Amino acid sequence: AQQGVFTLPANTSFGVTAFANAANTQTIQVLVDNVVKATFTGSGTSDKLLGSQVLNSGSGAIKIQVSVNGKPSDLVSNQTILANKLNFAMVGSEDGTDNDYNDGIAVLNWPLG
């Protein structure tokens, strides 16, 4: 199945935070309506914080991409809702062979405020 694709409410601010757990440099892109709106880049094996940003969801069509020097990683994802209100969308990825799926991570959360 496609992974890293999420439908958010339209015209809503969301946070996105990215991490590396990898020797290779991760490129984590956040697409809103098929257009890259944020890019996080880096490496490190101890949950390196690559950045955190707030974006508008546009029509609601979000897609997360993870790659290493142009090669797409294998993604895994899901979305969880707590208290019928607090949403998280998580993405892990695997750039290699050890299948730890932590190499490049994105965590989205909404609503804000």
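Numbering starts at 1 and runs along the sequence shown.
Undergrad: Averaging the C-alpha B factors as listed in the entry, name the stretch that ends up higher: 78-86 or 65-73.
TA: The stretch with the larger average C-alpha B-factor is 65-73.
Undergrad: Could you check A10, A22, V16, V91 and tell me which one carries the biggest Cα B-factor in the deposited entry?
TA: Within the set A10, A22, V16, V91, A10 shows the top C-alpha B-factor.
Undergrad: If you rank the chain by CA B-factor, which third does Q2 end up in: lowest, middle or highest?
TA: Its C-alpha B-factor belongs to the highest third of this chain's values.
Undergrad: Relative to the other modelled residues of the same chain, rank the CA B-factor of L49 and answer lowest, middle or highest third.
TA: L49: CA B-factor falls in the highest third of its chain.
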